[PDB]
Every structure is written in structure tokens, then in C-alpha cells.
$ cat upload.cif   # mmCIF, N, CA and C atoms
data_my_file
loop_
_atom_site.label_atom_id
_atom_site.label_comp_id
_atom_site.auth_asym_id
_atom_site.auth_seq_id
_atom_site.Cartn_x
_atom_site.Cartn_y
_atom_site.Cartn_z
N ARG A 32 43.40 46.63 32.60
CA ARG A 32 44.60 46.54 33.43
C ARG A 32 44.25 46.20 34.87
N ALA A 33 43.57 47.13 35.54
CA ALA A 33 43.19 46.96 36.94
C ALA A 33 41.70 46.68 37.10
N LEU A 34 40.85 47.57 36.58
CA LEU A 34 39.41 47.36 36.69
C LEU A 34 38.98 46.10 35.95
N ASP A 35 39.57 45.85 34.78
CA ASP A 35 39.25 44.64 34.04
C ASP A 35 39.59 43.40 34.86
N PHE A 36 40.74 43.41 35.52
CA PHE A 36 41.10 42.26 36.34
C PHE A 36 40.15 42.12 37.53
N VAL A 37 39.74 43.23 38.14
CA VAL A 37 38.83 43.13 39.27
C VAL A 37 37.52 42.50 38.82
N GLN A 38 37.01 42.94 37.68
CA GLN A 38 35.79 42.34 37.15
C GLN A 38 35.99 40.85 36.88
N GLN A 39 37.13 40.49 36.29
CA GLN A 39 37.40 39.09 35.99
C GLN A 39 37.45 38.25 37.26
N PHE A 40 38.06 38.78 38.31
CA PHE A 40 38.20 38.00 39.53
C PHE A 40 36.87 37.85 40.24
N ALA A 41 36.05 38.91 40.26
CA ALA A 41 34.69 38.75 40.79
C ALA A 41 33.89 37.76 39.96
N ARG A 42 34.09 37.78 38.64
CA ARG A 42 33.45 36.80 37.77
C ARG A 42 33.82 35.38 38.16
N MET A 43 35.11 35.11 38.35
CA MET A 43 35.49 33.75 38.68
C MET A 43 35.08 33.38 40.10
N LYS A 44 34.94 34.36 40.99
CA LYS A 44 34.34 34.08 42.29
C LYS A 44 32.89 33.63 42.15
N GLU A 45 32.12 34.32 41.30
CA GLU A 45 30.74 33.89 41.10
C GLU A 45 30.69 32.55 40.37
N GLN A 46 31.66 32.28 39.50
CA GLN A 46 31.81 30.95 38.91
C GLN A 46 31.96 29.89 40.00
N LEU A 47 32.85 30.15 40.95
CA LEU A 47 33.07 29.22 42.05
C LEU A 47 31.79 29.02 42.85
N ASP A 48 31.06 30.10 43.12
CA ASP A 48 29.81 29.98 43.86
C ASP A 48 28.81 29.13 43.10
N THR A 49 28.71 29.33 41.78
CA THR A 49 27.80 28.51 40.99
C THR A 49 28.20 27.05 41.05
N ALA A 50 29.50 26.76 40.96
CA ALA A 50 29.95 25.38 41.04
C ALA A 50 29.60 24.77 42.39
N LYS A 51 29.78 25.53 43.47
CA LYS A 51 29.46 25.00 44.79
C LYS A 51 27.96 24.73 44.93
N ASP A 52 27.12 25.63 44.41
CA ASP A 52 25.68 25.39 44.50
C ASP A 52 25.27 24.18 43.67
N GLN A 53 25.87 24.03 42.48
CA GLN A 53 25.61 22.83 41.68
C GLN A 53 26.01 21.58 42.45
N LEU A 54 27.15 21.62 43.12
CA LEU A 54 27.60 20.48 43.91
C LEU A 54 26.61 20.16 45.02
N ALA A 55 26.14 21.19 45.71
CA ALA A 55 25.20 20.98 46.81
C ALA A 55 23.91 20.36 46.29
N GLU A 56 23.42 20.82 45.14
CA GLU A 56 22.26 20.18 44.54
C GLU A 56 22.54 18.73 44.20
N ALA A 57 23.76 18.43 43.75
CA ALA A 57 24.11 17.06 43.42
C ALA A 57 24.02 16.15 44.65
N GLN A 58 24.62 16.58 45.76
CA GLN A 58 24.49 15.77 46.98
C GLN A 58 23.04 15.70 47.45
N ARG B 32 52.70 43.33 40.57
CA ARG B 32 51.27 43.07 40.65
C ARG B 32 50.97 41.58 40.62
N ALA B 33 51.96 40.77 41.02
CA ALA B 33 51.82 39.32 40.99
C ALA B 33 50.81 38.80 42.00
N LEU B 34 50.37 39.63 42.95
CA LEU B 34 49.30 39.22 43.84
C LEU B 34 48.04 38.87 43.05
N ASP B 35 47.80 39.58 41.95
CA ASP B 35 46.67 39.27 41.09
C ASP B 35 46.75 37.84 40.58
N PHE B 36 47.90 37.47 40.01
CA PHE B 36 48.03 36.13 39.46
C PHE B 36 47.98 35.07 40.55
N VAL B 37 48.57 35.35 41.71
CA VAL B 37 48.54 34.36 42.79
C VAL B 37 47.10 34.12 43.25
N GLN B 38 46.33 35.20 43.43
CA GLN B 38 44.94 35.05 43.81
C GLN B 38 44.15 34.31 42.74
N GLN B 39 44.45 34.59 41.47
CA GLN B 39 43.78 33.90 40.37
C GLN B 39 44.09 32.40 40.40
N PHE B 40 45.34 32.05 40.67
CA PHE B 40 45.68 30.64 40.75
C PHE B 40 45.00 29.97 41.93
N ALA B 41 44.84 30.70 43.04
CA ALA B 41 44.09 30.15 44.17
C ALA B 41 42.64 29.89 43.79
N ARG B 42 42.03 30.83 43.07
CA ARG B 42 40.66 30.64 42.61
C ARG B 42 40.55 29.40 41.72
N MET B 43 41.50 29.23 40.80
CA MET B 43 41.47 28.03 39.98
C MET B 43 41.70 26.76 40.80
N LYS B 44 42.54 26.81 41.83
CA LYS B 44 42.67 25.67 42.73
C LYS B 44 41.32 25.28 43.32
N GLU B 45 40.59 26.26 43.85
CA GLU B 45 39.31 25.94 44.47
C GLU B 45 38.33 25.40 43.44
N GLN B 46 38.31 25.99 42.24
CA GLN B 46 37.41 25.51 41.20
C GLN B 46 37.74 24.08 40.80
N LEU B 47 39.03 23.77 40.68
CA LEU B 47 39.46 22.42 40.34
C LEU B 47 39.01 21.43 41.41
N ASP B 48 39.18 21.80 42.68
CA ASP B 48 38.75 20.91 43.76
C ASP B 48 37.24 20.67 43.70
N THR B 49 36.47 21.72 43.44
CA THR B 49 35.02 21.56 43.34
C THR B 49 34.66 20.63 42.20
N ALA B 50 35.31 20.79 41.05
CA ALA B 50 35.03 19.91 39.92
C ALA B 50 35.38 18.46 40.24
N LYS B 51 36.51 18.25 40.92
CA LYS B 51 36.88 16.89 41.30
C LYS B 51 35.84 16.27 42.22
N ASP B 52 35.33 17.06 43.18
CA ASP B 52 34.32 16.52 44.09
C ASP B 52 33.02 16.22 43.34
N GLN B 53 32.68 17.05 42.35
CA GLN B 53 31.54 16.75 41.50
C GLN B 53 31.72 15.42 40.78
N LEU B 54 32.91 15.19 40.22
CA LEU B 54 33.19 13.91 39.57
C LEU B 54 33.02 12.75 40.54
N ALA B 55 33.56 12.90 41.75
CA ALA B 55 33.47 11.82 42.73
C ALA B 55 32.02 11.53 43.08
N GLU B 56 31.20 12.57 43.24
CA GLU B 56 29.80 12.35 43.57
C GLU B 56 29.07 11.66 42.43
N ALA B 57 29.38 12.04 41.19
CA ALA B 57 28.74 11.37 40.06
C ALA B 57 29.10 9.90 40.04
N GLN B 58 30.37 9.58 40.30
CA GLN B 58 30.77 8.18 40.35
C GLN B 58 30.04 7.44 41.46
#

$ encode --input "upload.cif" --output "C-alpha cells"
Amino acid sequence: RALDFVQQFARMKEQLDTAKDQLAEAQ
Amino acid sequence: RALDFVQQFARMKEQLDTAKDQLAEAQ
């Protein structure tokens, strides 16, 4: 309900960070 | 508790933009 969503949102934040680092490596 | 969904949609917006920029760099 709440804790599960917090974990999910931190997960997608780390997803975003991984995507940004991949992008930086690409450039 | 719609703040959760709004923040989630913002996260997906940022992820989508990152993926689009990755596509542009590959091109």
C-alpha cells in the first residue's frame, strides 16, 4: 500500500539514474 | 493519495525523455 509504493518509486528513480548514466556513456 | 500517481507519471515522463534522447544519439 504505502511502503510497497515507496520501494517502487525509489526503484524507478534508480531506473532513471541508470538510464542517465547509460546516456552519458553513449555521448 | 493521488500524489503518488502524479509523481509516478512524472518519473515516467523523465524516463521517456531519456529514452528519446538515447534514440536521437544512436541515430

$ closest_atom_pairs --input "upload.cif" --of "chain B" --to "chain A" --cutoff "8 Å" --atoms "only C-alpha atoms" --output "JSON lines"
{"residue": "B:35", "atom": "CA", "partner": "A:36", "partner_atom": "CA", "distance": 7.9}
{"residue": "B:39", "atom": "CA", "partner": "A:40", "partner_atom": "CA", "distance": 7.0}
{"residue": "B:42", "atom": "CA", "partner": "A:43", "partner_atom": "CA", "distance": 7.2}
{"residue": "B:45", "atom": "CA", "partner": "A:47", "partner_atom": "CA", "distance": 7.5}
{"residue": "B:46", "atom": "CA", "partner": "A:47", "partner_atom": "CA", "distance": 5.8}
{"residue": "B:49", "atom": "CA", "partner": "A:51", "partner_atom": "CA", "distance": 6.7}
{"residue": "B:50", "atom": "CA", "partner": "A:50", "partner_atom": "CA", "distance": 7.5}
{"residue": "B:52", "atom": "CA", "partner": "A:54", "partner_atom": "CA", "distance": 7.8}
{"residue": "B:53", "atom": "CA", "partner": "A:54", "partner_atom": "CA", "distance": 5.9}
{"residue": "B:56", "atom": "CA", "partner": "A:58", "partner_atom": "CA", "distance": 7.2}

$ calpha_fit_rmsd --input "upload.cif" --fixed "chain B" --moving "chain A"
0.6 Å

$ axis_aligned_box --input "upload.cif" --around "segment 39-47 of chain A" --padding-each-side "6 Å" --output "AutoDock Vina command-line options"
--center_x 34.4 --center_y 34.8 --center_z 39.4 --size_x 19.5 --size_y 23.5 --size_z 18.9

$ build_atoms --input "upload.cif" --residues "chain A" --atoms "N, CA, C and O atoms" --output "PDB file, in the coordinates of the input"
ATOM      1  N   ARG A  32      43.400  46.630  32.600  1.00  0.00           N
ATOM      2  CA  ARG A  32      44.600  46.540  33.430  1.00  0.00           C
ATOM      3  C   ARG A  32      44.250  46.200  34.870  1.00  0.00           C
ATOM      4  O   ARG A  32      44.578  45.125  35.361  1.00  0.00           O
ATOM      5  N   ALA A  33      43.570  47.130  35.540  1.00  0.00           N
ATOM      6  CA  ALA A  33      43.190  46.960  36.940  1.00  0.00           C
ATOM      7  C   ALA A  33      41.700  46.680  37.100  1.00  0.00           C
ATOM      8  O   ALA A  33      41.314  45.655  37.671  1.00  0.00           O
ATOM      9  N   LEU A  34      40.850  47.570  36.580  1.00  0.00           N
ATOM     10  CA  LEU A  34      39.410  47.360  36.690  1.00  0.00           C
ATOM     11  C   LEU A  34      38.980  46.100  35.950  1.00  0.00           C
ATOM     12  O   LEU A  34      38.122  45.349  36.434  1.00  0.00           O
ATOM     13  N   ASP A  35      39.570  45.850  34.780  1.00  0.00           N
ATOM     14  CA  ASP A  35      39.250  44.640  34.040  1.00  0.00           C
ATOM     15  C   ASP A  35      39.590  43.400  34.860  1.00  0.00           C
ATOM     16  O   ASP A  35      38.804  42.449  34.905  1.00  0.00           O
ATOM     17  N   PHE A  36      40.740  43.410  35.520  1.00  0.00           N
ATOM     18  CA  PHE A  36      41.100  42.260  36.340  1.00  0.00           C
ATOM     19  C   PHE A  36      40.150  42.120  37.530  1.00  0.00           C
ATOM     20  O   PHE A  36      39.822  40.994  37.922  1.00  0.00           O
ATOM     21  N   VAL A  37      39.740  43.230  38.140  1.00  0.00           N
ATOM     22  CA  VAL A  37      38.830  43.130  39.270  1.00  0.00           C
ATOM     23  C   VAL A  37      37.520  42.500  38.820  1.00  0.00           C
ATOM     24  O   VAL A  37      36.968  41.615  39.496  1.00  0.00           O
ATOM     25  N   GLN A  38      37.010  42.940  37.680  1.00  0.00           N
ATOM     26  CA  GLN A  38      35.790  42.340  37.150  1.00  0.00           C
ATOM     27  C   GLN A  38      35.990  40.850  36.880  1.00  0.00           C
ATOM     28  O   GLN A  38      35.133  40.034  37.212  1.00  0.00           O
ATOM     29  N   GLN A  39      37.130  40.490  36.290  1.00  0.00           N
ATOM     30  CA  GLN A  39      37.400  39.090  35.990  1.00  0.00           C
ATOM     31  C   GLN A  39      37.450  38.250  37.260  1.00  0.00           C
ATOM     32  O   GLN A  39      36.940  37.122  37.292  1.00  0.00           O
ATOM     33  N   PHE A  40      38.060  38.780  38.310  1.00  0.00           N
ATOM     34  CA  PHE A  40      38.200  38.000  39.530  1.00  0.00           C
ATOM     35  C   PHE A  40      36.870  37.850  40.240  1.00  0.00           C
ATOM     36  O   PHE A  40      36.556  36.772  40.764  1.00  0.00           O
ATOM     37  N   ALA A  41      36.050  38.910  40.260  1.00  0.00           N
ATOM     38  CA  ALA A  41      34.690  38.750  40.790  1.00  0.00           C
ATOM     39  C   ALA A  41      33.890  37.760  39.960  1.00  0.00           C
ATOM     40  O   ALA A  41      33.095  36.984  40.504  1.00  0.00           O
ATOM     41  N   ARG A  42      34.090  37.780  38.640  1.00  0.00           N
ATOM     42  CA  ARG A  42      33.450  36.800  37.770  1.00  0.00           C
ATOM     43  C   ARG A  42      33.820  35.380  38.160  1.00  0.00           C
ATOM     44  O   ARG A  42      32.950  34.518  38.275  1.00  0.00           O
ATOM     45  N   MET A  43      35.110  35.110  38.350  1.00  0.00           N
ATOM     46  CA  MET A  43      35.490  33.750  38.680  1.00  0.00           C
ATOM     47  C   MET A  43      35.080  33.380  40.100  1.00  0.00           C
ATOM     48  O   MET A  43      34.846  32.198  40.388  1.00  0.00           O
ATOM     49  N   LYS A  44      34.940  34.360  40.990  1.00  0.00           N
ATOM     50  CA  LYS A  44      34.340  34.080  42.290  1.00  0.00           C
ATOM     51  C   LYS A  44      32.890  33.630  42.150  1.00  0.00           C
ATOM     52  O   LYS A  44      32.458  32.668  42.791  1.00  0.00           O
ATOM     53  N   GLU A  45      32.120  34.320  41.300  1.00  0.00           N
ATOM     54  CA  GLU A  45      30.740  33.890  41.100  1.00  0.00           C
ATOM     55  C   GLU A  45      30.690  32.550  40.370  1.00  0.00           C
ATOM     56  O   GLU A  45      29.775  31.749  40.609  1.00  0.00           O
ATOM     57  N   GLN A  46      31.660  32.280  39.500  1.00  0.00           N
ATOM     58  CA  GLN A  46      31.810  30.950  38.910  1.00  0.00           C
ATOM     59  C   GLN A  46      31.960  29.890  40.000  1.00  0.00           C
ATOM     60  O   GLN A  46      31.299  28.849  39.967  1.00  0.00           O
ATOM     61  N   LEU A  47      32.850  30.150  40.950  1.00  0.00           N
ATOM     62  CA  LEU A  47      33.070  29.220  42.050  1.00  0.00           C
ATOM     63  C   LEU A  47      31.790  29.020  42.850  1.00  0.00           C
ATOM     64  O   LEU A  47      31.471  27.891  43.256  1.00  0.00           O
ATOM     65  N   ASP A  48      31.060  30.100  43.120  1.00  0.00           N
ATOM     66  CA  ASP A  48      29.810  29.980  43.860  1.00  0.00           C
ATOM     67  C   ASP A  48      28.810  29.130  43.100  1.00  0.00           C
ATOM     68  O   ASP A  48      28.115  28.293  43.692  1.00  0.00           O
ATOM     69  N   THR A  49      28.710  29.330  41.780  1.00  0.00           N
ATOM     70  CA  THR A  49      27.800  28.510  40.990  1.00  0.00           C
ATOM     71  C   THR A  49      28.200  27.050  41.050  1.00  0.00           C
ATOM     72  O   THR A  49      27.337  26.167  41.184  1.00  0.00           O
ATOM     73  N   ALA A  50      29.500  26.760  40.960  1.00  0.00           N
ATOM     74  CA  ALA A  50      29.950  25.380  41.040  1.00  0.00           C
ATOM     75  C   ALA A  50      29.600  24.770  42.390  1.00  0.00           C
ATOM     76  O   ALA A  50      29.161  23.615  42.460  1.00  0.00           O
ATOM     77  N   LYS A  51      29.780  25.530  43.470  1.00  0.00           N
ATOM     78  CA  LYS A  51      29.460  25.000  44.790  1.00  0.00           C
ATOM     79  C   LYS A  51      27.960  24.730  44.930  1.00  0.00           C
ATOM     80  O   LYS A  51      27.564  23.715  45.505  1.00  0.00           O
ATOM     81  N   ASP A  52      27.120  25.630  44.410  1.00  0.00           N
ATOM     82  CA  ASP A  52      25.680  25.390  44.500  1.00  0.00           C
ATOM     83  C   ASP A  52      25.270  24.180  43.670  1.00  0.00           C
ATOM     84  O   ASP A  52      24.424  23.386  44.090  1.00  0.00           O
ATOM     85  N   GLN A  53      25.870  24.030  42.480  1.00  0.00           N
ATOM     86  CA  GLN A  53      25.610  22.830  41.680  1.00  0.00           C
ATOM     87  C   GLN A  53      26.010  21.580  42.450  1.00  0.00           C
ATOM     88  O   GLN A  53      25.271  20.583  42.453  1.00  0.00           O
ATOM     89  N   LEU A  54      27.150  21.620  43.120  1.00  0.00           N
ATOM     90  CA  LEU A  54      27.600  20.480  43.910  1.00  0.00           C
ATOM     91  C   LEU A  54      26.610  20.160  45.020  1.00  0.00           C
ATOM     92  O   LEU A  54      26.281  18.990  45.253  1.00  0.00           O
ATOM     93  N   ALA A  55      26.140  21.190  45.710  1.00  0.00           N
ATOM     94  CA  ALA A  55      25.200  20.980  46.810  1.00  0.00           C
ATOM     95  C   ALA A  55      23.910  20.360  46.290  1.00  0.00           C
ATOM     96  O   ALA A  55      23.349  19.454  46.927  1.00  0.00           O
ATOM     97  N   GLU A  56      23.420  20.820  45.140  1.00  0.00           N
ATOM     98  CA  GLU A  56      22.260  20.180  44.540  1.00  0.00           C
ATOM     99  C   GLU A  56      22.540  18.730  44.200  1.00  0.00           C
ATOM    100  O   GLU A  56      21.660  17.876  44.323  1.00  0.00           O
ATOM    101  N   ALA A  57      23.760  18.430  43.750  1.00  0.00           N
ATOM    102  CA  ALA A  57      24.110  17.060  43.420  1.00  0.00           C
ATOM    103  C   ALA A  57      24.020  16.150  44.650  1.00  0.00           C
ATOM    104  O   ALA A  57      23.413  15.075  44.596  1.00  0.00           O
ATOM    105  N   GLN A  58      24.620  16.580  45.760  1.00  0.00           N
ATOM    106  CA  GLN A  58      24.490  15.770  46.980  1.00  0.00           C
ATOM    107  C   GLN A  58      23.040  15.700  47.450  1.00  0.00           C
ATOM    108  O   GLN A  58      22.629  14.673  47.998  1.00  0.00           O
TER     109      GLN A  58
END
